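First, one chain by itself in structure tokens, the form deposited in one PDB entry.
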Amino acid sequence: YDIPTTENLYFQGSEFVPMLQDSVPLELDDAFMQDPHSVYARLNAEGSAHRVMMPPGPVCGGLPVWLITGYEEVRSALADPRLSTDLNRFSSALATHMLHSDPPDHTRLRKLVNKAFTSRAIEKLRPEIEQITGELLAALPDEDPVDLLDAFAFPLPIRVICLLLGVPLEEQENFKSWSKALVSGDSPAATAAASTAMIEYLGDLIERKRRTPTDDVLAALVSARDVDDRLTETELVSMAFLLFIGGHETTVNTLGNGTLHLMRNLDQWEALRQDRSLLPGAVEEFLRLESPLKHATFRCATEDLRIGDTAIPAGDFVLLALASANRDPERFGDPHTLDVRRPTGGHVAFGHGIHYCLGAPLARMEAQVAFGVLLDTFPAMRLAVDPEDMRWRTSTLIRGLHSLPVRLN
């Protein structure tokens, strides 16, 4: 750190020092991870696109990307044909999924799976969901500190995803064991074994449901020979895997983020209890205020592009901050406070454009059932520790909590 003084004096007196200082990409420290909404507002005050750099962890590398902040600038980017999720500008099922597909080929996969994710067709799963939630609160621990995130938020999608693919009751516990292994890095070998076991088992379920149709939505996906074309045996597994990882962490932190807020907006935690007709707006307001996905998946510039009067060269990586657009005061009045009664439909927590959340209707209902069952029962709830001591997990795209310590009271 003992840099030669003459060299430093040469740079300081050059008057190029601010320009070189400006061109450095802003490293996203843990302060951003805890409180990015202040960082987004600090950035959007000056522009819409900013050169930022994630800390080593995208794998082990400080990756210079473009962070886009404005609501309309985010929204237009999510619908821009020049901003592809295919970064290319013997493939495994983990690399061929629809989320990474450009509209040329994405349209076919999106339409085939569309029919089975209808709001009403997704409502068939509700009593199977309603009952599944109820077991976890009965099995909830007895003492005051409960860590709601671990005991209820974590297991709920695991049983819901098991319903989604339509796992047979006999082969249930094996699938959940694979799922909990995959979502928690207990050891490199256990997740590696579970990942293969699930992909191979999913492929066998593809064959099993092929000749034996069943009520569950995965069988509806298999039965979808809609255009005289059907999803291929590889594409079924890729679609099913994307449902698993694309739905697990999102639904967990949808519950955790929402429940965390009402713990300090108890005057709105109450209001939800007296009126259950506000729940469909409660979930939307939860997703807008504290979107589980801070940013959409990485996008690459197809051609030369302009965002917020800042040119983006082709081949550059762009990160669309959904949390910034959701908390833009220009689109949502007083964006930093939870108001359950806002008009909905303007938020982009489910993204926008062609890659709009396929599991949105499932995620929509899930929290209302989760919150409502959490509302019908156990209403003396109170947060067990001041949020200042609580942390946020270090993640690239997800906004989630390390824990949700609650007191049942």
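Start at 1 and count along the sequence shown; that's the residue number. The term rigid core refers to the maximal set of C-alpha atoms that superpose within 1.5 Å between the two forms.
K.L.:
What number of deposited residues lacks coordinates in the span between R273 and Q274: none, 1 to 3, 4 to 9, or 10 or more?
P.N.:
Count of unmodelled residues in between: none.
K.L.:
How many missing residues of the deposited sequence lie between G57 and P58 in the entry, grouped as none, 1 to 3, 4 to 9, or 10 or more?
P.N.:
Count of unmodelled residues in between: 1 to 3.
K.L.:
Taking only the CA atoms, which stretch has the higher mean B-factor in the record, 190-198 or 130-138?
P.N.:
So the stretch with the higher mean C-alpha B-factor is 130-138.
K.L.:
Would you determine, from the values in the PDB entry, which of 113-121 and 308-316 has the greater average C-alpha temperature factor?
P.N.:
Per the PDB record, 113-121.
K.L.:
Sorting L278, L293, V252, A95 by Cα temperature factor from the record, which one lands on top?
P.N.:
The C-alpha B-factor peaks, among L278, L293, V252, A95, at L278.
K.L.:
Between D328, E72, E284, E143, let me know which has the highest C-alpha B-factor in the entry?
P.N.:
Among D328, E72, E284, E143, the highest C-alpha B-factor in the entry belongs to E143.
K.L.:
Lowest, middle or highest third of the chain for the C-alpha temperature factor of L397?
P.N.:
Lowest third, going by the recorded CA B-factors of the chain.
K.L.:
How does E366 rank on Cα B-factor within its chain, lowest, middle or highest third?
P.N.:
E366: CA B-factor falls in the middle third of its chain.
K.L.:
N88: which third of its chain by C-alpha temperature factor?
P.N.:
Within its chain, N88 is a middle-third residue by C-alpha B-factor, going by the deposited values.
K.L.:
How does the C-alpha B factor of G203 compare with the rest of the chain: lowest, middle or highest third?
P.N.:
For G203, the deposited C-alpha B-factor lands in the highest third.
K.L.:
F175: which third of its chain by C-alpha temperature factor?
P.N.:
Highest third.
Another form exists, deposited in another entry; not displayed. Remarks below refer to it.
K.L.:
Core aligned, which of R75, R108, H261, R331 has the Cα that shifts 2 angstroms or more between the shown form and the other one?
P.N.:
Result of the superposition: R108 is the only one at 2 Å or more.
K.L.:
Core aligned, does the CA of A193 move at least 2 Å between the shown form and the other one?
P.N.:
Shift at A193: 2 Å or more after core fit.
K.L.:
My question is whether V146 is one of the residues whose C-alpha shifts by 2 Å or more between the shown form and the other one, given a fit on the rigid core.
P.N.:
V146 C-alpha, core-superposed: shift of less than 2 Å.
K.L.:
Just checking, between the shown form and the other one and with the core aligned, does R210 shift 2 Å or more at the CA?
P.N.:
Yes, shifts by 2 Å or more.
K.L.:
I want to verify one pair: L125 and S179. Are their C-alpha atoms nearer or more distant in the other form compared with the form I supplied, knowing the change is 3 Å or more?
P.N.:
Between the C-alphas of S179 and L125, the gap widens in the other form (3 Å or more compared with this form).
K.L.:
Thinking of the 3 angstroms or more shift, are the C-alphas of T250 and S179 brought closer or pushed farther apart in the other form than in this view?
P.N.:
Here the pair is farther apart than in the other form; there, closer.
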